[PDB]
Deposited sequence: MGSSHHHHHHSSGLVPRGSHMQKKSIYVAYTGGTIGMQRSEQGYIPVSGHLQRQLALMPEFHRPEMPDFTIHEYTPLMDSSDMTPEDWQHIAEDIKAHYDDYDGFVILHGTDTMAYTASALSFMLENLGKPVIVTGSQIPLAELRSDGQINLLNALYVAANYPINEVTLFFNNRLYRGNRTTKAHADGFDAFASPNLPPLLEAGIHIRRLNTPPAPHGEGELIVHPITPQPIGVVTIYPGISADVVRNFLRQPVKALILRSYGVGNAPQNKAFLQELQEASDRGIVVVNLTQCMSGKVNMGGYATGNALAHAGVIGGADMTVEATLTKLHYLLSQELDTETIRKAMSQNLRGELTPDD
């Protein structure tokens, strides 16, 4: 019989398991729930909350066959993405899930997403940080909350799911992530000021100038299509002035799906390929927190570290 650790970090799902007979069925793994203190709305999470969860998995790693992280949907994809970088040589499944309706409210999805995450962690283990939602397991660092009001809340726009649940559970033929074998390594992080700039008609040089001020180590650009911005010379020079001061400037697509393929490149900007804002932001927290020079971080942002981008 497998044993699954459940980190109950907060979220809708919690806003009871004993009174439901399905959970204690013989076919289920054993599981234990740790209720965090305090419980958090995932809208209130900081990057240090990613650290608390990573260290909680680290404490429990040896004594469980897998890990379920119960979490608010608002930032679930950021947490999943962060854990993927912070965990290295992961040898057990870590599945983040939650609910769009609280377990306490009628028609809650919370019971069914938790039961599925527990069953899948035990019986179809995949040694990656994954996100289970509405009968699909996704690579955590490929996810976004796409549908604010839907039970199918999460998408994986640039990658098929890893696993689908119907009458049976099927592992899909999705290409595996680069995967280290060895001792689990858990990478701590420390606060990093990062700006997120959306490219839109009538954006000014002033925005890039503002972030440069004193307080930012990296800039994420949400640019058009395959990575275009207006060719405004003030804008470009601001971006060059950013990279000249060692700021890591990364070009993403504002589009739900697709790949940046770039100039901005002349202005020191690094392409983020098909990375989500969630993967890019967390990967920056990860790399900035390490003993790495600006140029090594700039190189690593465009490489596939944990399956978050297509080379």
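Several segments of the deposited sequence have no coordinates for C-alpha: 1-22, 38-53, 301-307, 357-358, numbered from the first residue.
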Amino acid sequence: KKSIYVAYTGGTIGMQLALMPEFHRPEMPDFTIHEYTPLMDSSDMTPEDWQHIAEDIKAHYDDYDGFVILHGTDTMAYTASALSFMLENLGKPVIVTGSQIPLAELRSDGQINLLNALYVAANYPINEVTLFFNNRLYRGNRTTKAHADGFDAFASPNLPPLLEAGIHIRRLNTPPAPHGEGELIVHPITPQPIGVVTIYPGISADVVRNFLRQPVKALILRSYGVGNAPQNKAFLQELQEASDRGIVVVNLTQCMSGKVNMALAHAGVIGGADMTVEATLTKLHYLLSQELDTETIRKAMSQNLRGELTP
From here on, numbers count along this sequence of modelled residues.
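The mean C-alpha temperature factor is higher for 35-43 when 35-43 and 246-254 are set side by side.
Note on 89-97 vs 176-184: mean CA B-factor is higher in 176-184. Between the residues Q111, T75, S81, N135, it is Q111 that shows the highest Cα B-factor in the PDB record. In this structure the maximum Cα B-factor among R209, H147, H71, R139 is found at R209. When the modelled residues of the chain are ordered by C-alpha B-factor, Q214 sits in the highest third. Compared with the other modelled residues of the chain, the Cα B-factor recorded for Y124 ranks in the middle third. In the deposited entry, the Cα temperature factor of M262 sits in the top third of values across the chain's modelled residues. In the PDB entry, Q240 places in the highest third of its chain by CA B-factor. Sorting the modelled residues of the chain by their CA temperature factor places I270 in the middle third.
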